[PDB]
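Using ideal geometry, Cβ is built from the backbone for each residue, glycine included, and neighbour counts are taken over all protein chains shown. Here, each number is a calculation from the coordinates, and none is a lab measurement.
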Amino acid sequence: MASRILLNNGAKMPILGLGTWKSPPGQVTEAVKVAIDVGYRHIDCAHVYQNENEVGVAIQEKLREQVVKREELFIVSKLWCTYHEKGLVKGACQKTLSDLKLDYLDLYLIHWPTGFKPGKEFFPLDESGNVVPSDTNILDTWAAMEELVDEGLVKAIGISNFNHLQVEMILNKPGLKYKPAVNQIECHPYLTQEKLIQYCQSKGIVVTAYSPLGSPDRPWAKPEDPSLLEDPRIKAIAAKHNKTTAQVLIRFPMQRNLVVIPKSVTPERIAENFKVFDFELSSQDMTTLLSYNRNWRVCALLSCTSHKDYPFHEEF
Ligand SMILES: NC(=O)c1ccc[n+]([C@@H]2O[C@H](COP(=O)([O-])OP(=O)(O)OC[C@H]3O[C@@H](n4cnc5c(N)ncnc54)[C@H](OP(=O)(O)O)[C@@H]3O)[C@@H](O)[C@H]2O)c1
Ligand SMILES: O=C(O)COc1cc(Cl)ccc1C(=O)NCc1cccc([N+](=O)[O-])c1
């Protein structure tokens, strides 16, 4: 299958990218180096992951080694929640650009719909544990994102963790300048996202699937949470194809016309995870994997459930 998907800005986005959340700076430079060597051309970043400097060190090295040119790369980052005020957006983007040593991003996302109180702390809480919101709204933050395209800092803008009504809010904004190009959402066999994918695709919004392996390294995991990589049913599908469970989990979203961004810092796994363009999951495989949906979320904070823009009260 084709390695890139067409966005609404006329640019092509690689359908397989490298995730970088929880890649420590002490290891992410080597990860990105290896990824580029083995063919990754999309890297998913964020300011909150606090490793964009080291990601940037890799891109620059590989540019200087003559391994890749900038136009071939597709670099994504995201505006953190403490920067939703219209006056903070450009500076947040420019900090990401400076850390990554880039002059533009291919795609810049509103990381979460929830604005948090501005300040140094990424998750400001009150005395008992709820996040402290900011008096920001989706539409004004979107307008600020649009300005970044009009100044040449970013080629495309999109959203992440937006429910369909939040997406609709942007689509229906009077005076909209740019439609979101992408909605990046959690998606895997335990959270198959049928209704939100159908919605987004029916708008020409491309969907990126995050945590496709179930984020086993997420820092809030409980031993009794369900584990995709160890699910014997998925292992059986992998065995039949002489592939790993991770390779099945990466191929799955690709066959749904999604982009997918598995994370690893392990060189062997980085290479493994890219070797998914040479087999196909059957109709039965696809149906079986979709049947495993449990509406189970890696990423959803309790602490954000009272925010006016918390995305996950809506069904989709
Ligand atoms: N927009 C958002 O709100 C949002 C939220 C979550 C995630 N994301 C993005 O999506 C990316 C991917 O999601 P994620 O990091 O949550 O988790 P993930 O990609 O589902 O899983 C990563 C974990 O799987 C392990 N792993 C990777 N390949 C493997 C393989 N072949 N065999 C066995 N284990 C393997 C990794 O270990 P090692 O690294 O130790 O090899 C790591 O512990 C993130 O890094 C981030 O870029 C975005
Ligand atoms: O968000 C990501 O990309 C991955 O998750 C991260 C990463 C970092 Cl470095 C720190 C914390 C998180 C995290 O708790 N994200 C979840 C989250 C955040 C904001 C709002 C919500 N919410 O539910 O409204 C949820």
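Label separation (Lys120 vs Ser227): 3.8 nm, computed from points 7 Å beyond Cα along the C-beta direction. Farthest toward the positive end of the dipole of segment 223-301, out of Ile234, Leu301, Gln255, is the Cα of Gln255, where the dipole comes from beta carbon charges about the Cα centre. Distances between placed amide hydrogens fall under 5 Å for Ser264 paired with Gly19, all partners being 5 or more residues away or on another chain.
In segment 56-113, the C-alpha radius of gyration followed by the widest Cα-Cα span (Dmax) gives 12.9, 40 angstrom. Quick one: grab the alpha carbon gyration tensor of the chain, order the square roots of its eigenvalues as a ≥ b ≥ c, and give me rounded if a/c is under 1.5, else prolate or oblate depending on whether a/b is larger than b/c. Taking the square roots of the gyration eigenvalues as a ≥ b ≥ c, the chain is rounded. The shape of segment 30-139 can be summarised by an equivalent ellipsoid whose semi-axes, obtained from the alpha carbon gyration tensor, come to 31, 14, 11 Å from longest to shortest. Return P(r) of segment 129-194 (all Cα-Cα pairs; 5 Å bins starting at 0; whole %; ordered from short to long distances). Calculated over all Cα pairs of segment 129-194, the distribution is 3, 14, 23, 21, 17, 12, 7, 2 percent. Annotation: the antiparallel percentage among DSSP beta bridges lying fully within the chain is about 20.
Calculate the FRET efficiency for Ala2 and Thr288 from the Cβ-Cβ distance with a Förster distance of 30 Å, rounded to the nearest 0.05. Don't skip to the end; give the middle numbers.
Working: r = 25 Å, r/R0 = 0.83.
Efficiency at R0 = 30 Å is approximately 0.75.
Taking 7 Å steps out from each Cα toward its Cβ at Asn257 and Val67 produces label points 3.4 nm apart. Describe numerically, in nm with one decimal, the distance between label points set 7 Å from Cα along Cα→Cβ at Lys101 and at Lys240. A separation of 4.7 nm, rounded to one decimal place. Each residue of segment 189-197 was assigned a 3J(HN,Hα) from its phi angle through the Karplus expression (A = 6.51, B = -1.76, C = 1.60, θ = phi - 60°), giving x, 8, 8, 7, 6, 4, 6, 6, 4 Hz with x at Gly and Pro.
The stretch between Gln27 and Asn172 holds 47.9 nm of extra length on full extension. This uses 0.36 nm per residue minus the Cα-Cα distance.
Length available on full extension from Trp220 to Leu301: 0.36 nm per residue minus the Cα-Cα distance, which gives 28.2 nm. Summary value for the chain: 20 percent relative contact order, contacts being C-alpha pairs under 8 angstrom separated by 6+ residues.
In the chain, the calculated helix contribution to ellipticity at 222 nm averages -10000 deg cm²/dmol per residue, counting -39,500 (n - 2.57) for every DSSP H run with n ≥ 4.
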